[PDB]
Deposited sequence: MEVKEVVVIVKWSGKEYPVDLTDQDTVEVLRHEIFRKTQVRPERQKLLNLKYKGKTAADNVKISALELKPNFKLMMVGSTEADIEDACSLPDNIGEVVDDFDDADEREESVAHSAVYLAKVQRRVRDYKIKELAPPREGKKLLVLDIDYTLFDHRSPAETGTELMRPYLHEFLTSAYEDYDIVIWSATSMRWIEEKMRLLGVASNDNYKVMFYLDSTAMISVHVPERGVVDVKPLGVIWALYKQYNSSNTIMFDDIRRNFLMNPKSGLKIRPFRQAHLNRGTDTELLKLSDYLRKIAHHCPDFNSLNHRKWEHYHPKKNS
């Protein structure tokens, strides 16, 4: 079951953890997770299946034994994501399969959370994406103030009244730390962020009809911090795919693009602060909500 593939890239070795039932496609996604080289940019030099380049659908099981996999490829400020053109808006699931649960458990076992501030009794949990969620990561700008989504700090202060806050970005931890300083979130007098999660906490899951997708599994947090669960957790992300393994707990935020043109009109965070306050005060079980209809929630 448990398998380790050693990948050699750019003069370094990267031990990749997976199982023998994972496919080459999953391997590519785990390689991306380790190296920041995208799956489509990876040339896997010495991975043959019956004398030929193993296809993405080949299970790891069906081949080798100690071995070092040579990968040639490049990783690009073109960081993060801007859209998912294959977003399925139909209102599941492998989100309840053994394979998925085991993937969460491995993150729970191996990923080391660095607590920046402690949980507070009775609070809900808010998880926040960064790119296009809290700021415009695609525009050039001389200051962070210019790229910041309007009402960011007022939104975080309001949320913090009722929610402990976690930041989860599909990027390196370094990028997160840098942007949180740039945006003034890192050290604010009016709120605290509990911890940050990065792309290494994410998992790659095959979703039939769709292929392998990388998601942000709230189950990792829920396993480690048992005071939170789906009944009191909500996540904001502009990319719906990120909550494919916990669809009821995600709210797809409108992306904040081209700050220079839209900074004067964007008020999504103001509106969403109202939403968060209302559900924290009026909804004892968030699973009863339809977040797609958040703008019409008036208890």
Unmodelled intervals of the deposited chain, in order
1-3, 70-71, 82-91, 107-108, 317-320
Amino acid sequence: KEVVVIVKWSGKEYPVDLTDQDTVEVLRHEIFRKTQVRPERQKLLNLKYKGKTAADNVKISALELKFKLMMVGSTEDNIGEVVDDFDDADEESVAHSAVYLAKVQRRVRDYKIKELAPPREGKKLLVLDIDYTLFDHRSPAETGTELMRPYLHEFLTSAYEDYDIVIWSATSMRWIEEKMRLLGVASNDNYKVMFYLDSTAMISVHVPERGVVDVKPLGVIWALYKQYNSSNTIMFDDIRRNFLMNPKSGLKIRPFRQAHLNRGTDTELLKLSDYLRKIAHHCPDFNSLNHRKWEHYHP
From here on, numbers count along this sequence of modelled residues.
I need to verify one thing: averaged over C-alpha atoms only, is the B-factor higher for 242-250 or for 50-58?
50-58
Per the record, averaged over C-alpha atoms, which has the higher B-factor: 199-207 or 67-75?
67-75
For the listed residues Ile234, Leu272, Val26, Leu45, which one has the largest C-alpha B-factor as given in the deposited model?
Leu45
Looking at the C-alpha B-factor values in the deposited entry, which of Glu142, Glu154, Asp214, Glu177 comes out highest?
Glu142
For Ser230, the third of its chain into which the C-alpha B factor falls
lowest
Based on the entry's values, in what third of the chain does the Cα temperature factor of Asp110 lie: lowest, middle or highest?
highest
By the record's CA B-factor, is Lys12 among the lowest, middle or highest third of residues in the chain?
highest
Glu81: CA B-factor among chain residues, third -> middle
Position of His96 among the chain's modelled residues by C-alpha B-factor, lowest, middle or highest third
highest
